[PDB]
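Engineer: Here's a structure for you.
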Number of protein chains: 2
Amino acid sequence: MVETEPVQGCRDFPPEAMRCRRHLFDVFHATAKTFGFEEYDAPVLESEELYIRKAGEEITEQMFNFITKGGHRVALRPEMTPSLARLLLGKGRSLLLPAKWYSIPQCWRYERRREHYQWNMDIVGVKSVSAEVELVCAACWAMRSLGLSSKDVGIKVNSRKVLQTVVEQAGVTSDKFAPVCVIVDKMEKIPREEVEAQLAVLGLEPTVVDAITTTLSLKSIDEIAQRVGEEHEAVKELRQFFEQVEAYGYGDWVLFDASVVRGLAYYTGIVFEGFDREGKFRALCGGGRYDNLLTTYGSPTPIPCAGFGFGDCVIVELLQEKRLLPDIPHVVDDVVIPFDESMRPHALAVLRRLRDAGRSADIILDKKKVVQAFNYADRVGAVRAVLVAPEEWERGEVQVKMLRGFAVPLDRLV
Amino acid sequence: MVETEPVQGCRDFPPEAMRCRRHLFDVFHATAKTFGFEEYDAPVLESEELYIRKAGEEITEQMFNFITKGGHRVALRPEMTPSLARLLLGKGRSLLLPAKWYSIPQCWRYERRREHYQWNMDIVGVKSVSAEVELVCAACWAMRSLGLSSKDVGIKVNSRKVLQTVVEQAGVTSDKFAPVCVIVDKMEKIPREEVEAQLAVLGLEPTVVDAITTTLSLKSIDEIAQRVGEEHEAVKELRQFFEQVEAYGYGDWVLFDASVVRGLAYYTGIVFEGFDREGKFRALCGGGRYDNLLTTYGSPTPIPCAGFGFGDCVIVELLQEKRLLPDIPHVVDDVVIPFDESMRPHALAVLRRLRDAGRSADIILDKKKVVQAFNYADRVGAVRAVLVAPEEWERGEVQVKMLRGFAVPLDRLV
Ligand SMILES: N[C@@H](Cc1c[nH]c[nH+]1)C(=O)O
Ligand SMILES: N[C@@H](Cc1c[nH]c[nH+]1)C(=O)O
Ligand SMILES: Cc1nc(N)ccc1Br
Ligand SMILES: Cc1nc(N)ccc1Br
């Protein structure tokens, strides 16, 4: 035999598993359309340039890359956001803004699974927190559409500006801010002592760290205000954020967590994460504001951006745990059963009529006995079995039977 | 700047181009559902083993492949059919047959464009030509659904068994039959003299070639019969085929062409190609019967298979040529315009109501003047603009205006 298992770390999607994936993707699509985003795509294979940010990131560290025969540096994309930036940047003044773009790219890592699908939603050209508000509400919407509630999940929200103020006041050149987020992002996962030591390696001093941990463990926006001011950008922003989410009707879904930073270098302002309220699973989704990526890529004018990624794995685990992923059995409207081979030409004409009317229909393709054909109809989840027999055809009729046996005229079938 | 162009031979799909791709994919999906096929997927990255057939094929020759860091032979799939076989074979006795599986994989080649999307439709477990009939009718259906007619296109049909009989009677061991098809497949593309010389290289003699070209240029099924018999498999098959397609209502779409072989090694019986009736474009789609692939992959019992691939490029060129690809402008049902920032909380509640009712709606995310907001609504193709102003909100109303301005109650919006 040839190897029937897929390549290391990659999933097969036979029809059963594919119905589960469609169930999910359908929601990502429907949500995106509900929120007015526009679909886009770009190649899974990008130039390796695009992902060299040098902030010790997990996503750049764990990169599926290789060299073409021509000697060019390429890589299977680990995330979408850089591809988006390339596209947006490719369009100059010609891109109407604001722009709301979404996609469901397969993304790759080398190491544990090595690929996944990630819904991406991004808003371009909106300075205000109204964008983050929309994005966060989109993630909730999607989760709600999958049957989840604010009892089951929520979205932790923060701003990196708070910590930016604190880092800056510590005398630390602003270049250090990206690696500091990537290290502090590991605060939950790994112990307190082993995070400290990373910051010491990147040249930071002890009193400047104290203020980091303290601010990380601040429990409220009012507590942040005490430390930084009530008309600091972040406080006004976050109050506006929570006020807007409150008004849209999703206030029970969102909450402030000062420990939330995310592990990506490019986030400048608000950042967020979906999580289950039982503490069982990793982040359901993740995003934030990244107002300087496109300047970094060489845009002559800075372009404000915000968005998120919502993976295809954790959501499923969670939906299984909550018994919200029932087997989706296959369905087709009609199965057309010729009484025998002499009725095939006639069964085809029937098949053609049914399909013309927008119905999904099979016709039995092999030579088989009526009861075996009917069993088959049940097995593939036919709503209806349509028997084409010679005695009924002579009368201009067929025999129909609902699975979930009467004589019926041809016109009246549809 | 970073490089804004995609990697060599790969396409970007910004929203405009993506709407064109959805237009097409929608039809592939809808057709598949109409014909009762089940979606599946597998990884774009496969083991290179899977494609070593050694019949001098163009698809194996032009393979996008590389080695992982672990030293394993892998490759971006050039086609789907081998992946399908792996899947089908992975399921043993447990796969209910017949099975009808479809997918729209991106496929890859190294060399001219290096990737494309290819609708795949395959039927597994059906001995009879009813499968090829269904497949061919599916391809037509799809093309018809894109606005094309039998005046514009058709599907040339043949059987490799005819040539098999002729090759065998020439004393040529059956091993030679796969390379002979791959060479003769180049009969249209390259000149008569340069095809002859390929067959001479693979050890064939002169009189055996004469019979090949003559049979290739036979113009009718009746002419084939003269040469091989009226109850040769192929003649009975093809008559059954054309009779069945005739009965389904698509007889004007299909026709016999003895020169049709396809360039793939695995086809055993009936084979077909879509083409434009003006002689301008390459093959729109291509397929056939491959009853021994799964035996070749190590199946303990032979499993009959048939199917086709339908690329995303030629169809588009053709649809453009026939003016059947109009710009699909963006649409959204509602754009919600707060009179000003003090009306935002209220505009959100409105936004929430609209979306709850299944409508697609935006809300203006930046701070902007009403007329600029309304311009924007037009630019993104809003069907309707919904103005949330303080005088109307106090009355429990909004101002609605159709783009393709009245006071309206909130309940009555939906
Ligand atoms: N690229 C981010 C998600 C994101 C989309 N837009 C902004 N952020 C991630 O992989 O987590
Ligand atoms: N794999 C074939 C198409 C096909 C699908 N099933 C059978 N044949 C191609 O690339 O042309
Ligand atoms: C979980 C994950 N994250 C990435 N960034 C890329 C692939 C995979 Br799998
Ligand atoms: C036209 C084409 N054919 C393949 N087999 C693979 C990629 C591409 Br592009």
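All residue names refer to the structure tokens as shown: chains lettered A, B, ... in order, residues numbered from 1 in each chain, ligands numbered from 1 in order.
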Please find the residues contacting ligand 2 at a distance of at most 9 Å between atoms, with only C-alpha atoms and all ligand atoms counted, and report them as an MDAnalysis selection string.
Structural biologist: chainID B and resid 59 78:82 84 107 118:123 262:264 266:267 285:290 305:311
Engineer: Please identify the residues whose atoms come within 9 Å of ligand 4, using only C-alpha atoms and all ligand atoms, and report them as a VMD selection string.
Structural biologist: chain B and resid 9 to 10 58 to 60 62 to 64 77 to 79 106 to 110 112 to 118 311 to 313
Engineer: So that I can check the secondary structure, give me every residue of range 122-173 of chain A assigned strand (DSSP E) by backbone DSSP, as a list in words.
Structural biologist: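 Strand (DSSP E) assignments inside range 122-173 of chain A correspond to residues 122, 123, 124, 153, 154, 155, 156, 157, 158 and 159 of chain A.
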Engineer: Mind dumping the selected residues with N, CA and C atoms as an mmCIF file, in the first residue's frame?
Structural biologist:
```
data_model
loop_
_atom_site.group_PDB
_atom_site.id
_atom_site.type_symbol
_atom_site.label_atom_id
_atom_site.label_comp_id
_atom_site.auth_asym_id
_atom_site.auth_seq_id
_atom_site.Cartn_x
_atom_site.Cartn_y
_atom_site.Cartn_z
ATOM 1 N N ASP A 122 -10.209 42.391 9.559
ATOM 2 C CA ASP A 122 -9.390 43.554 9.770
ATOM 3 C C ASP A 122 -10.117 44.768 9.255
ATOM 4 N N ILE A 123 -9.996 45.879 9.986
ATOM 5 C CA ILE A 123 -10.524 47.164 9.560
ATOM 6 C C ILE A 123 -9.381 48.152 9.309
ATOM 7 N N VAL A 124 -9.400 48.809 8.149
ATOM 8 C CA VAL A 124 -8.326 49.700 7.721
ATOM 9 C C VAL A 124 -8.878 51.104 7.509
ATOM 10 N N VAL A 153 -18.401 31.962 27.294
ATOM 11 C CA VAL A 153 -17.205 32.641 26.813
ATOM 12 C C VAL A 153 -17.229 34.127 27.092
ATOM 13 N N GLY A 154 -16.082 34.750 26.854
ATOM 14 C CA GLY A 154 -15.997 36.193 26.802
ATOM 15 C C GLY A 154 -14.748 36.660 26.088
ATOM 16 N N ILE A 155 -14.542 37.978 26.070
ATOM 17 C CA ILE A 155 -13.388 38.577 25.416
ATOM 18 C C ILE A 155 -12.695 39.581 26.327
ATOM 19 N N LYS A 156 -11.483 39.238 26.757
ATOM 20 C CA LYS A 156 -10.676 40.066 27.646
ATOM 21 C C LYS A 156 -10.048 41.194 26.846
ATOM 22 N N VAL A 157 -10.137 42.429 27.332
ATOM 23 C CA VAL A 157 -9.681 43.583 26.567
ATOM 24 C C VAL A 157 -8.664 44.444 27.334
ATOM 25 N N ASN A 158 -7.687 44.973 26.617
ATOM 26 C CA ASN A 158 -6.688 45.813 27.259
ATOM 27 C C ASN A 158 -6.181 46.850 26.275
ATOM 28 N N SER A 159 -5.308 47.748 26.720
ATOM 29 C CA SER A 159 -4.557 48.614 25.820
ATOM 30 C C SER A 159 -3.064 48.541 26.154
#
```
Engineer: Please, what distance in Å, to one decimal, runs between CA of residue 393 in chain A and CA of residue 253 in chain B?
Structural biologist: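 According to the coordinates, CA of residue 393 in chain A and CA of residue 253 in chain B are separated by 26.7 Å.
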Engineer: With a distance cut-off of 8 Å and only C-alpha atoms, select the neighbouring residues of residue 336 in chain A, excluding the residue or stretch itself and same-chain residues fewer than 3 positions from it, and output the selection as a PyMOL selection string.
Structural biologist: chain A and resi 347+350-351+361-364+385-388
Engineer: Quick one: write out the picked residues with C-alpha atoms as an mmCIF file, in the first residue's frame?
Structural biologist:
```cif
data_model
loop_
_atom_site.group_PDB
_atom_site.id
_atom_site.type_symbol
_atom_site.label_atom_id
_atom_site.label_comp_id
_atom_site.auth_asym_id
_atom_site.auth_seq_id
_atom_site.Cartn_x
_atom_site.Cartn_y
_atom_site.Cartn_z
ATOM 1 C CA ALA A 347 -35.489 8.351 -14.695
ATOM 2 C CA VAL A 350 -37.181 13.058 -14.039
ATOM 3 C CA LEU A 351 -33.718 13.757 -12.552
ATOM 4 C CA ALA A 361 -31.171 14.993 -6.408
ATOM 5 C CA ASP A 362 -29.374 11.763 -7.082
ATOM 6 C CA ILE A 363 -30.262 9.019 -9.446
ATOM 7 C CA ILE A 364 -29.163 5.489 -8.659
ATOM 8 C CA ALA A 385 -37.409 8.619 -2.824
ATOM 9 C CA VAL A 386 -38.851 8.885 -6.314
ATOM 10 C CA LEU A 387 -39.528 5.566 -8.034
ATOM 11 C CA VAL A 388 -39.782 5.539 -11.836
#
```
Engineer: What's the 9 Å shell around residue 134 in chain B, counting only C-alpha atoms, without same-chain residues fewer than 4 positions away, as an MDAnalysis selection string?
Structural biologist: (chainID A and resid 365) or (chainID B and resid 35 123 129:130 138:139 245)
Engineer: Could you save those same residues with N, CA, C and O atoms as a short mmCIF file (atom, residue, chain, number, x, y, z; two decimals), in the first residue's frame?
Structural biologist:
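Below is the file again_0.cif, written as the result:
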```
data_model
loop_
_atom_site.label_atom_id
_atom_site.label_comp_id
_atom_site.auth_asym_id
_atom_site.auth_seq_id
_atom_site.Cartn_x
_atom_site.Cartn_y
_atom_site.Cartn_z
N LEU A 365 -27.00 5.13 -9.72
CA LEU A 365 -26.09 5.04 -10.86
C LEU A 365 -25.74 3.61 -11.24
O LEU A 365 -25.52 3.33 -12.42
N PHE B 35 -26.12 18.00 -7.78
CA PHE B 35 -25.85 16.64 -8.26
C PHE B 35 -25.56 15.65 -7.13
O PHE B 35 -25.28 14.46 -7.38
N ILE B 123 -16.67 10.18 -8.94
CA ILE B 123 -17.60 9.16 -8.50
C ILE B 123 -16.88 7.83 -8.27
O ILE B 123 -16.15 7.37 -9.14
N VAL B 129 -21.23 3.35 -17.16
CA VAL B 129 -20.98 4.67 -17.76
C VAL B 129 -21.93 5.74 -17.25
O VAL B 129 -21.75 6.93 -17.53
N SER B 130 -22.96 5.33 -16.51
CA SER B 130 -23.81 6.27 -15.79
C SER B 130 -23.02 7.30 -14.96
O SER B 130 -23.48 8.42 -14.78
N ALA B 138 -22.60 17.24 -15.16
CA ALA B 138 -22.26 18.21 -14.13
C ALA B 138 -21.42 19.34 -14.70
O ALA B 138 -21.66 20.49 -14.40
N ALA B 139 -20.45 19.03 -15.54
CA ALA B 139 -19.62 20.06 -16.12
C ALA B 139 -20.46 21.01 -16.99
O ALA B 139 -20.34 22.23 -16.91
N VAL B 245 -26.97 10.82 -21.82
CA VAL B 245 -26.83 12.26 -21.87
C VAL B 245 -27.98 12.82 -22.68
O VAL B 245 -28.58 13.82 -22.28
#
```
Engineer: Applying 12 Å and only C-alpha atoms, which residues near range 179-189 of chain A remain after dropping the ones on its own chain fewer than 6 positions away? List them as a ChimeraX atom specification.
Structural biologist: /A:53-60,159-164,166-168,172-173,195-204,208-209,212-213,215-217,258-269,271,273,279,282-283
Engineer: Take the residues just selected and output them with N, CA and C atoms as a compact mmCIF listing (two decimals), in the first residue's frame.
Structural biologist:
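part16.txt written:
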```
# COMPACT_ATOMS: atom_id res chain seq x y z
N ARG A 53 10.60 40.25 11.81
CA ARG A 53 10.32 41.39 12.69
C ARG A 53 11.27 41.52 13.87
N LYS A 54 11.92 40.42 14.25
CA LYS A 54 12.99 40.44 15.26
C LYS A 54 12.55 40.91 16.65
N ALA A 55 11.41 40.40 17.12
CA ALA A 55 10.93 40.65 18.47
C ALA A 55 10.79 39.34 19.25
N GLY A 56 11.57 38.33 18.87
CA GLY A 56 11.54 37.02 19.50
C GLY A 56 10.17 36.35 19.51
N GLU A 57 9.37 36.60 18.47
CA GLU A 57 7.98 36.12 18.40
C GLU A 57 7.90 34.62 18.14
N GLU A 58 6.87 33.99 18.70
CA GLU A 58 6.64 32.56 18.52
C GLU A 58 6.27 32.23 17.07
N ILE A 59 5.58 33.15 16.41
CA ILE A 59 5.08 32.91 15.06
C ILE A 59 6.20 32.96 14.00
N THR A 60 7.16 33.86 14.20
CA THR A 60 8.34 33.97 13.33
C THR A 60 9.35 32.86 13.63
N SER A 159 -5.31 47.75 26.72
CA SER A 159 -4.56 48.61 25.82
C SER A 159 -3.06 48.54 26.15
N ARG A 160 -2.24 48.44 25.11
CA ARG A 160 -0.79 48.40 25.26
C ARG A 160 -0.22 49.77 25.58
N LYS A 161 -1.00 50.81 25.30
CA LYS A 161 -0.60 52.19 25.62
C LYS A 161 -0.34 52.41 27.10
N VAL A 162 -1.13 51.78 27.97
CA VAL A 162 -0.91 51.87 29.41
C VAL A 162 0.52 51.49 29.74
N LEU A 163 0.90 50.30 29.30
CA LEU A 163 2.22 49.75 29.58
C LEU A 163 3.29 50.53 28.85
N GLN A 164 2.91 51.13 27.72
CA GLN A 164 3.80 52.00 26.93
C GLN A 164 4.20 53.23 27.75
N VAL A 166 4.13 53.43 30.97
CA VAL A 166 4.94 52.97 32.11
C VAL A 166 6.37 52.62 31.67
N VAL A 167 6.50 51.95 30.54
CA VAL A 167 7.81 51.60 29.97
C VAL A 167 8.61 52.86 29.63
N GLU A 168 7.97 53.82 28.98
CA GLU A 168 8.62 55.08 28.58
C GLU A 168 9.12 55.87 29.79
N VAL A 172 13.17 53.73 29.16
CA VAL A 172 13.47 52.68 28.19
C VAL A 172 13.12 53.15 26.78
N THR A 173 14.15 53.31 25.95
CA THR A 173 13.97 53.64 24.54
C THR A 173 12.83 52.82 23.95
N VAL A 195 9.88 34.61 33.53
CA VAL A 195 9.56 35.78 32.69
C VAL A 195 10.48 36.94 33.05
N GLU A 196 10.66 37.16 34.35
CA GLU A 196 11.60 38.15 34.85
C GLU A 196 12.95 38.06 34.13
N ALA A 197 13.49 36.85 34.09
CA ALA A 197 14.83 36.60 33.54
C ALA A 197 14.96 36.94 32.05
N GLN A 198 13.87 36.86 31.30
CA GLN A 198 13.87 37.26 29.89
C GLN A 198 14.05 38.77 29.72
N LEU A 199 13.37 39.54 30.58
CA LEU A 199 13.46 40.99 30.54
C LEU A 199 14.85 41.46 30.96
N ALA A 200 15.46 40.77 31.93
CA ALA A 200 16.84 41.04 32.35
C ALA A 200 17.83 40.84 31.21
N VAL A 201 17.59 39.82 30.39
CA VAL A 201 18.43 39.53 29.23
C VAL A 201 18.39 40.67 28.20
N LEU A 202 17.21 41.23 27.97
CA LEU A 202 17.07 42.36 27.05
C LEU A 202 17.31 43.73 27.73
N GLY A 203 18.22 43.77 28.71
CA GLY A 203 18.77 45.02 29.23
C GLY A 203 17.91 45.91 30.12
N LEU A 204 16.75 45.41 30.55
CA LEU A 204 15.85 46.19 31.41
C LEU A 204 16.32 46.12 32.86
N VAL A 208 11.80 49.05 36.99
CA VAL A 208 10.97 49.24 35.80
C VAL A 208 10.08 48.01 35.57
N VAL A 209 10.54 46.86 36.07
CA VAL A 209 9.79 45.60 35.99
C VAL A 209 8.67 45.59 37.03
N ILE A 212 5.75 47.11 35.83
CA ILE A 212 5.14 46.26 34.80
C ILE A 212 4.18 45.23 35.41
N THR A 213 4.70 44.39 36.31
CA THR A 213 3.87 43.37 36.96
C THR A 213 2.69 43.99 37.70
N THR A 215 1.12 46.86 37.19
CA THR A 215 0.14 47.34 36.22
C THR A 215 -0.53 46.17 35.50
N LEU A 216 0.22 45.10 35.22
CA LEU A 216 -0.35 43.85 34.66
C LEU A 216 -1.45 43.26 35.54
N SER A 217 -1.29 43.40 36.86
CA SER A 217 -2.24 42.82 37.80
C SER A 217 -3.28 43.82 38.30
N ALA A 258 -5.92 43.56 32.48
CA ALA A 258 -4.65 44.26 32.33
C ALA A 258 -3.49 43.34 31.96
N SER A 259 -3.67 42.03 32.07
CA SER A 259 -2.61 41.08 31.77
C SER A 259 -2.56 40.70 30.29
N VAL A 260 -3.56 41.14 29.53
CA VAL A 260 -3.69 40.78 28.12
C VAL A 260 -2.75 41.65 27.29
N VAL A 261 -1.78 41.04 26.61
CA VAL A 261 -0.93 41.79 25.67
C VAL A 261 -0.89 41.22 24.24
N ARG A 262 -1.06 39.91 24.11
CA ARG A 262 -0.84 39.18 22.86
C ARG A 262 0.65 39.07 22.58
N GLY A 263 1.01 38.11 21.73
CA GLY A 263 2.40 37.76 21.48
C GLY A 263 2.99 38.33 20.20
N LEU A 264 2.24 39.20 19.52
CA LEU A 264 2.67 39.76 18.24
C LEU A 264 3.27 41.14 18.44
N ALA A 265 4.26 41.48 17.62
CA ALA A 265 5.04 42.70 17.82
C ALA A 265 4.24 43.94 17.47
N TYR A 266 3.36 43.83 16.48
CA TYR A 266 2.79 45.03 15.84
C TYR A 266 1.63 45.74 16.56
N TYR A 267 1.09 45.17 17.63
CA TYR A 267 -0.04 45.83 18.31
C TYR A 267 0.39 47.10 19.06
N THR A 268 -0.31 48.21 18.78
CA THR A 268 0.02 49.53 19.34
C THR A 268 -0.94 50.01 20.42
N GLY A 269 -2.22 49.64 20.32
CA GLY A 269 -3.25 50.16 21.22
C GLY A 269 -4.05 49.05 21.89
N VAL A 271 -6.00 45.65 22.62
CA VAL A 271 -5.79 44.24 22.26
C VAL A 271 -6.80 43.37 23.00
N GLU A 273 -8.64 39.02 23.48
CA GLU A 273 -8.61 37.57 23.42
C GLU A 273 -9.94 36.98 23.82
N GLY A 279 -11.96 28.07 32.11
CA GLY A 279 -10.51 28.00 32.22
C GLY A 279 -9.85 26.78 31.61
N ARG A 282 -7.15 27.18 25.52
CA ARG A 282 -6.32 28.30 25.09
C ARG A 282 -7.21 29.42 24.52
N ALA A 283 -6.60 30.44 23.93
CA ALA A 283 -7.33 31.58 23.38
C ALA A 283 -8.16 31.16 22.16
```
Engineer: Please provide the set of residues having any atom within 8 Å of residue 333 in chain B, restricted to only C-alpha atoms, with same-chain residues fewer than 6 positions apart removed, written as an NGL selection string.
Structural biologist: :B and (359-361 or 382-384)
Engineer: I'd like the neighbourhood of residue 237 in chain B as an MDAnalysis selection string, where a residue qualifies if any of its atoms comes within 9 Å (using only C-alpha atoms), though same-chain residues fewer than 4 positions away should be ignored.
Structural biologist: chainID B and resid 128:129 159 232:233 241:242 270
Engineer: For the residues in the current selection, export C-alpha atoms as a PDB file, in the first residue's frame.
Structural biologist:
```
ATOM      1  CA  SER B 128     -21.276   1.610 -15.475  1.00  0.00           C
ATOM      2  CA  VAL B 129     -20.980   4.666 -17.759  1.00  0.00           C
ATOM      3  CA  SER B 159     -12.871   5.772 -24.877  1.00  0.00           C
ATOM      4  CA  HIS B 232     -17.040  -4.178 -28.206  1.00  0.00           C
ATOM      5  CA  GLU B 233     -17.178  -2.655 -24.695  1.00  0.00           C
ATOM      6  CA  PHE B 241     -23.277   7.253 -22.687  1.00  0.00           C
ATOM      7  CA  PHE B 242     -24.682   9.361 -25.533  1.00  0.00           C
ATOM      8  CA  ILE B 270     -14.191   6.901 -21.244  1.00  0.00           C
TER       9      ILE B 270
END
```
Engineer: What gap, in Å, lies between CA of residue 33 in chain A and CA of residue 22 in chain B?
Structural biologist: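 Interatomic distance, CA of residue 33 in chain A to CA of residue 22 in chain B: 13.5 Å.
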Engineer: To one decimal in Å, tell me the separation between CA of residue 165 in chain A and CA of residue 368 in chain B.
Structural biologist: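 According to the coordinates, CA of residue 165 in chain A and CA of residue 368 in chain B are separated by 29.8 Å.
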